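Visitor: Pasting start21.txt below, which is compact mmCIF, N, CA and C atoms.
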# COMPACT_ATOMS: atom_id res chain seq x y z
N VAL A 1 7.29 2.29 5.56
CA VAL A 1 6.38 2.97 6.46
C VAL A 1 5.30 3.73 5.69
N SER A 2 5.62 4.12 4.46
CA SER A 2 4.68 4.85 3.62
C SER A 2 3.68 3.90 2.98
N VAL A 3 4.03 2.62 2.92
CA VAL A 3 3.17 1.61 2.33
C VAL A 3 2.11 1.14 3.32
N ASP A 4 2.39 1.32 4.61
CA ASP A 4 1.47 0.92 5.66
C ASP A 4 0.13 1.63 5.51
N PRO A 5 0.18 2.97 5.42
CA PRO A 5 -1.02 3.80 5.27
C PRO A 5 -1.67 3.64 3.91
N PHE A 6 -0.86 3.36 2.89
CA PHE A 6 -1.36 3.18 1.54
C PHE A 6 -2.37 2.04 1.47
N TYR A 7 -1.91 0.84 1.80
CA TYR A 7 -2.77 -0.34 1.78
C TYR A 7 -3.84 -0.25 2.87
N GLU A 8 -3.59 0.59 3.87
CA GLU A 8 -4.53 0.76 4.97
C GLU A 8 -5.73 1.60 4.53
N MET A 9 -5.46 2.66 3.79
CA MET A 9 -6.52 3.54 3.31
C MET A 9 -7.20 2.95 2.07
N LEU A 10 -6.40 2.34 1.20
CA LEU A 10 -6.92 1.74 -0.02
C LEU A 10 -7.55 0.38 0.28
N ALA A 11 -8.79 0.19 -0.18
CA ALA A 11 -9.50 -1.06 0.03
C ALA A 11 -9.06 -2.12 -0.98
N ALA A 12 -8.85 -1.69 -2.22
CA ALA A 12 -8.43 -2.60 -3.28
C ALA A 12 -7.02 -3.13 -3.02
N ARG A 13 -6.27 -2.41 -2.19
CA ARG A 13 -4.90 -2.81 -1.86
C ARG A 13 -4.90 -3.98 -0.88
N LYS A 14 -5.81 -3.94 0.08
CA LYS A 14 -5.91 -4.99 1.08
C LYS A 14 -6.19 -6.34 0.43
N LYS A 15 -5.15 -7.14 0.25
CA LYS A 15 -5.28 -8.45 -0.37
C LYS A 15 -5.76 -9.48 0.65
N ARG A 16 -4.82 -10.01 1.44
CA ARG A 16 -5.14 -11.00 2.45
C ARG A 16 -5.68 -10.33 3.72
N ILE A 17 -5.36 -9.06 3.89
CA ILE A 17 -5.81 -8.30 5.05
C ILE A 17 -7.30 -7.99 4.96
N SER A 18 -7.77 -7.72 3.75
CA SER A 18 -9.18 -7.41 3.53
C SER A 18 -10.07 -8.55 3.99
N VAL A 19 -9.85 -9.74 3.42
CA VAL A 19 -10.63 -10.91 3.78
C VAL A 19 -10.47 -11.26 5.25
N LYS A 20 -9.25 -11.12 5.76
CA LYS A 20 -8.96 -11.42 7.15
C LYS A 20 -9.72 -10.48 8.08
N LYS A 21 -9.80 -9.21 7.69
CA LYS A 21 -10.51 -8.21 8.49
C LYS A 21 -11.99 -8.56 8.60
N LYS A 22 -12.57 -9.02 7.50
CA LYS A 22 -13.98 -9.39 7.47
C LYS A 22 -14.26 -10.55 8.42
N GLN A 23 -13.21 -11.28 8.78
CA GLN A 23 -13.34 -12.42 9.68
C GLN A 23 -13.44 -11.95 11.13
N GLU A 24 -14.65 -11.60 11.56
CA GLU A 24 -14.87 -11.14 12.92
C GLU A 24 -14.83 -12.30 13.90
N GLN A 25 -13.88 -12.25 14.83
CA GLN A 25 -13.74 -13.30 15.83
C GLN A 25 -14.85 -13.22 16.88
N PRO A 26 -15.07 -14.33 17.60
CA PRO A 26 -16.10 -14.40 18.64
C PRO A 26 -15.74 -13.56 19.87
Using the file provided, produce a representation of the structure as structure tokens.
Guide:
Amino acid sequence: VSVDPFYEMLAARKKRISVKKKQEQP
């Protein structure tokens, strides 16, 4: 549960989530 906010706040942490987030759906 402590890792959720970590990778959430950290940009360098977001591995597959970072690129996925940039993928804005229609």
Visitor: So how many Å separate atom N of residue 4 (chain A) and atom N of residue 17 (chain A), to one decimal?
Guide: 13.0 Å
Visitor: Write out as a PyMOL selection string all residues of chain A that DSSP puts in alpha helix (DSSP H) for this structure's backbone.
Guide: chain A and resi 3-9+16-22
Visitor: Using Å and a single decimal, report how far CA of residue 18 (chain A) sits from CA of residue 5 (chain A).
Guide: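 These atoms are spaced 14.0 Å apart.
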Visitor: At what distance in Å, to one decimal, does CA of residue 25 (chain A) lie from atom C of residue 9 (chain A)?
Guide: 22.3 Å
Visitor: Chain A from the block above, C-alpha atoms, as a compact mmCIF listing (two decimals), in the first residue's frame, please?
Guide:
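After the write, out06.txt holds the following:
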# COMPACT_ATOMS: atom_id res chain seq x y z
CA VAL A 1 0.00 0.00 0.00
CA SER A 2 2.99 2.27 0.60
CA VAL A 3 4.32 1.50 -2.88
CA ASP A 4 1.11 2.71 -4.52
CA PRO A 5 1.73 6.38 -3.63
CA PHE A 6 5.47 6.02 -4.23
CA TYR A 7 5.25 5.13 -7.92
CA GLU A 8 2.22 7.41 -8.13
CA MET A 9 4.08 10.53 -7.01
CA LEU A 10 7.39 9.57 -8.63
CA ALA A 11 7.46 10.01 -12.40
CA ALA A 12 10.65 8.01 -12.95
CA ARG A 13 8.98 5.15 -11.08
CA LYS A 14 6.06 4.89 -13.52
CA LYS A 15 7.39 2.25 -15.92
CA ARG A 16 4.51 0.85 -17.97
CA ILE A 17 2.03 3.15 -16.24
CA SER A 18 3.80 6.29 -17.44
CA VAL A 19 3.58 5.43 -21.14
CA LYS A 20 0.09 4.02 -20.65
CA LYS A 21 -1.06 7.25 -18.99
CA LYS A 22 0.17 9.30 -21.95
CA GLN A 23 -2.14 7.16 -24.09
CA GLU A 24 -5.23 9.37 -24.02
CA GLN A 25 -8.27 7.40 -25.19
CA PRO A 26 -10.93 8.86 -27.52
